Amino acid sequence: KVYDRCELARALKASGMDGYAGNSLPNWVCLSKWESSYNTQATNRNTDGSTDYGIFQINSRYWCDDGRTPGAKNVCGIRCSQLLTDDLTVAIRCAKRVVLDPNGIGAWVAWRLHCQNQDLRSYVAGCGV
Ligand SMILES: CC(=O)N[C@H]1[C@H](O[C@H]2C[C@@H](C(=O)NCCS(=O)(=O)O)N[C@@H]2CO)O[C@H](CO)[C@@H](OS(=O)(=O)O)[C@@H]1O
Numbered sequence: 001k002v003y004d005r006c007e008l009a010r011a012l013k014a015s016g017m018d019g020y021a022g023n024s025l026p027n028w029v030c031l032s033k034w035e036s037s038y039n040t041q042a043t044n045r046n047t048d049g050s051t052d053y054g055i056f057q058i059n060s061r062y063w064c065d066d067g068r069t070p071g072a073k074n075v076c077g078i079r080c081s082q083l084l085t086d087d088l089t090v091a092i093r094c095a096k097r098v099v100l101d102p103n104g105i106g107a108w109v110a111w112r113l114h115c116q117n118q119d120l121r122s123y124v125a126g127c128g129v
């Protein structure tokens, strides 16, 4: 599904992402925007054999199993295909596990590049959340 920015802002706020491990909502909307353009079916293969999956572009080397990644760990305990559904439940549960690591939200390249140190007001503007 391709989410509308406010539509996504409301689903994330409903699922407890606002303030999760100290990451305010706008951080989460900004990274989804730059990482997948809000598309849950986004896939991106990497030079190394892994693939990025979903709205948060979660990587198959460490978090999910796609059956074709060399030395994969599957920390979230899921098939990567579950990260591609219109229903964000599993993606959110795994994004939540990813930010508990020491690198926090800096695990996301697109957050580091387009959101870190920015004015993210605009990503939740007009959502009434
Ligand atoms: C969310 C998540 O899975 N984050 C992980 C991040 O995943 C990236 C790769 C990038 C990708 O686009 N890489 C480009 C490489 S290539 O295409 O040039 O091959 N798109 C994904 C999201 O930003 O990869 C790591 C290792 O570099 C991990 O850090 S870590 O140190 O925990 O493991 C983080 O776990």
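Take the sequence shown: its letter number 14 is residue 14 in the entry's author numbering, and every next letter is one higher. From the three backbone atoms N, C-alpha and C, an ideal C-beta is built for every residue, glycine too.
Counting along the chain, no alpha helix (DSSP H) covers residue 69, and no H or E run does either. Scanning the stretch 5 to 90 from its first residue to its last, the whole alpha helix (DSSP H) runs of 4-plus residues come out as 5 to 14, 25 to 36. Taking all protein chains shown into account, residue 70 has fewer than 16 neighbouring C-beta atoms within 10 Å of its C-beta and is therefore exposed. Contact between residue 54 and residue 83 is confirmed by a C-beta separation of about 4 angstroms, below the 8 angstroms threshold.
If you ignore the 5 residues before and after residue 75, its C-beta comes within less than 6 angstroms of the C-beta of 62, 63, all in its own chain and listed in chain order.
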